[PDB]
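S.K.: Quick check, what structure comes out for this input:
(one chain, ligands or ions: 2)
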Amino acid sequence: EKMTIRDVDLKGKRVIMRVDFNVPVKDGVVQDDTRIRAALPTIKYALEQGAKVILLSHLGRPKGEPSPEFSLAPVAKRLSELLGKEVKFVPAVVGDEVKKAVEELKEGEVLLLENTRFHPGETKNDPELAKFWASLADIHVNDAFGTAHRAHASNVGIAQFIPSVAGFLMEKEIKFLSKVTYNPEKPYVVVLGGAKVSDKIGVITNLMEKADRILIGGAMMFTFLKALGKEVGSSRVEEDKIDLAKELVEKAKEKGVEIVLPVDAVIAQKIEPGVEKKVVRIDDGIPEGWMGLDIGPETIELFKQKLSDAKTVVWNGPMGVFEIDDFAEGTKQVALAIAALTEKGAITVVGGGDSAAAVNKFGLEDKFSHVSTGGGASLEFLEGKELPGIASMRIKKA
Ligand SMILES: Nc1ncnc2c1ncn2[C@@H]1O[C@H](COP(=O)(O)OP(=O)(O)NP(=O)(O)O)[C@@H](O)[C@H]1O
Ligand SMILES: [Mg+2]
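M.R.: Residues are numbered from 1 along each chain as shown. Ligands and ions are numbered 1, 2, ... in the order given. Provided below are the atomic coordinates:
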């Protein structure tokens, strides 16, 4: 049990809060505000306790220098709308401009700083950056579960200078995942998909230690499929990870862990709605020209079968390009198959930005045991070791 924002006196204090506002933005408008809304409880609570609140967050992965497209300005506007209260935005991470703003902050006021990653020290956990930030406040609140797997200046760095306590989101996430992390009822099935291959493939070696079956879909299926010889065609494959994929399929066998790959795919030459799609089999090969964009009808049946008896399901990654209705069936049917197990008593967890968006799109949000956008953080949590952004928080004592 970590100390939470509830275990400290906030009245009159300056609280620097690390939140995960790493949301999708298009033309200066937040496309998906799930992460912002998830953080609201914590923010509203601090404001009512009469604290002066400073928010810190990253957005994307800037080179370590400013880029208008990665600015947190659109997020401050959205937060203001959601909160129903003006949010002050300072387009700076360090400096007099930042000191001045924090200085003129009244009780029950919120200030959001610019993208933490515009500073090179952030991802390096630079002690000088962390010290400056710690100097602006009395307490540090870590509510950024989605970034808990990263040891950065804003979430881990600052904690070594001032007390660091958990916010409500961070609390809820840990409370839930801990059940599944230590005592997972079997069969425990993991479902991986999505396009962010290079980031997820590494968790497989560890997940392989506690899971019974691992179903792979999304674009990830092709790095594994190609590793097995198969003609992927035009499909997205992560060249630099093929050799690892080969070692993982091999190791899974030696360890009695079943890795289920797709048998058929819905392909199409273009990635736009309404076009002509043809369901092909992988053994038959995907002709250079057609790209795999969703798991086919056969795989949907296979995955359903392999899921039918699961007592614990962890899902991260859309099965196909669910954004375009033409290639969303794999995702919908899998989501439906998993939501059904929940009613039958299985513990079901959805983690990942688009996966959460996917369940929302189908009206399934309340059909799973737990839904999270902290996609990478949750997969790593399941591995058992304490995450750096969780370890940095004060233990609750007496
Ligand atoms: N076969 C496919 N080819 C290309 N893109 C795909 C395919 N299937 C799924 N994707 C895309 O990958 C995206 C989902 O990516 P990803 O970011 O890895 O998932 P996520 O649920 O957000 N997980 P995380 O990043 O771990 O929070 C969506 O834009 C999908 O359309
Ligand atoms: Mg994602």
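S.K.: List the residues that contact residue 303.
M.R.: Applying Cβ atoms under 8 Å, 6 or more residues apart in numbering, we find residue 303 in contact with 191, 215, 217, 260, 295, 334, 337. In this view, the C-beta of every residue, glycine as well, is placed from N, C-alpha and C.
S.K.: hmm, stretch 161-180 in reach of ligand 1?
M.R.: No: judged by Cβ under 6 Å from any ligand atom, stretch 161-180 and ligand 1 are separated, with a smallest distance of 13.4 Å.
S.K.: re earlier: for the contacts of residue 303, which two are the farthest from each other?
M.R.: Maximum pairwise distance among the contacts of residue 303 (Cβ to Cβ): 13.1 Å, between 260 and 337.
S.K.: Give me the phi and psi angles of the one residue in the stretch 251-398 of the chain that gets nearest to ligand 1.
M.R.: Of all residues in the stretch 251-398 of the chain, residue 375 sits closest to ligand 1, at 2.2 Å by Cβ to the nearest ligand atom. Residue 375 adopts backbone torsions of phi -70, psi -60, taken as degrees, to the nearest 10.
S.K.: Any figure for the gap between it and residue 355?
M.R.: According to Cβ to Cβ, to the nearest Å, residue 375 stands 7 Å off from residue 355.
S.K.: which neighbours do these two share?
M.R.: Contacts common to residue 375 and residue 355, judged by Cβ under 8 Å, 6+ apart, are residue 316.
S.K.: who's in contact with the closest residue to residue 124 other than its chain neighbours?
M.R.: Nearest residue to residue 124 in three dimensions, chain neighbours excluded: residue 153, at 7.5 Å (Cβ to Cβ, 6 or more residues apart in numbering). Counting by Cβ under 8 Å, 6+ apart, residue 153 touches 116, 119, 121-126, 129-130, 133.
S.K.: can I see the domain layout of this protein?
M.R.: Listed domain ranges for the chain are 1-169, 176-383 (source: curated CATH domains).
S.K.: and the last one, how far apart are its ends?
M.R.: Pointing back at domain 176-383 there. Domain 176-383 has its terminal residues 15 Å apart, counting by Cα to Cα, to the nearest Å.
S.K.: circling back: which of residue 375 and residue 355 has more neighbours?
M.R.: residue 355 (27 against 23; other Cβ atoms under 10 Å).
S.K.: how about the more buried one, secondary structure?
M.R.: Under DSSP: H, G, I helix; E, B strand; the rest coil, residue 355 falls in the helix class.
S.K.: ok, now which ones touch it?
M.R.: Applying Cβ under 8 Å, 6+ apart, we find residue 355 in contact with 193-194, 315-318, 375.
S.K.: Excluding chain neighbours, give the residue nearest to residue 136 in space.
M.R.: Per Cβ to Cβ, 6+ apart, closest to residue 136 is residue 102, 4.6 Å.
S.K.: Just the element for that neighbour, please.
M.R.: Assigned by DSSP states H and E, residue 102 belongs to helix 96-103.
S.K.: for the helix or strand just after that helix, the distance to its chain's centre please.
M.R.: Proceeding N to C from helix 96-103, the next assigned helix or strand is strand 110-113, under DSSP H and E. Remark: strand 110-113 is offset 23 Å from the chain centroid, using Cα atoms, centre = their mean, to the nearest Å.
S.K.: residue ranges of the helices in the stretch 101-250 of the chain, please?
M.R.: 121-124, 127-134, 168-182, 197-207, 221-227, 242-254 (DSSP state H, counting those that start in this stretch).
S.K.: For the fifth one, which outside residues touch it?
M.R.: The one in question is helix 221-227. 193, 197, 201, 216, 232, 235-238, 241-243, 245-246, 248-249, 259, 261-262, 265, 282, 292, 295.
S.K.: and with 6 Å instead?
M.R.: With contacts defined as Cβ atoms under 6 Å, 6 or more residues apart in numbering, helix 221-227 is touched by 197, 216, 232, 235, 237-238, 241-242, 245-246, 261-262.
S.K.: The fourth one now?
M.R.: With Cβ under 6 Å, 6+ apart as the contact definition, helix 197-207 has outside contacts at 190, 220, 223, 238, 241, 248, 376, 379, 383.
S.K.: Tell me which residues touch the fourth one, please.
M.R.: The reference is to residue 238. Going by Cβ under 6 Å, 6+ apart, residue 238 touches 197-198, 223.
S.K.: Apply the buried test to those and list what passes.
M.R.: For the contacts of residue 238, a burial check counting by 16 or more other Cβ atoms under 10 Å picks out 197, 223.
S.K.: nearest to residue 163, of the contacts of residue 238?
M.R.: residue 198 (35.9 Å).
S.K.: Please convert the contacts of residue 303 to TSV, extending it with neighbour count and distance to residue 50.
M.R.: Output for the contacts of residue 303, formatted as TSV (neighbours: other Cβ atoms under 10 Å; distance: Cβ to Cβ, whole Å):
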residue	neighbour count	distance to residue 50
191	28	45
215	25	49
217	28	49
260	18	54
295	31	52
334	27	47
337	20	48
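S.K.: Export these to CSV and append columns for distance to residue 36.
M.R.: What follows is the contacts of residue 303, written out as CSV (distance: Cβ to Cβ, whole Å):
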residue, distance to residue 36
191, 27
215, 31
217, 29
260, 36
295, 32
334, 27
337, 30
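S.K.: Cross the residues you listed against strands and list the overlap.
M.R.: Counting by DSSP state E, the part of the contacts of residue 303 found in strands is 191, 215, 260, 295.
S.K.: Residue 275: which of the contacts of helix 221-227 is nearest?
M.R.: Using Cβ to Cβ, those come closest to residue 275 at residue 235, 16.1 Å.
S.K.: Isn't that closest one up against residue 293?
M.R.: No: using Cβ atoms under 6 Å, residue 235 makes no contact with residue 293, being 8.3 Å away.
S.K.: three-state assignment of residue 285?
M.R.: For residue 285, the assignment made with three-state DSSP gives coil.
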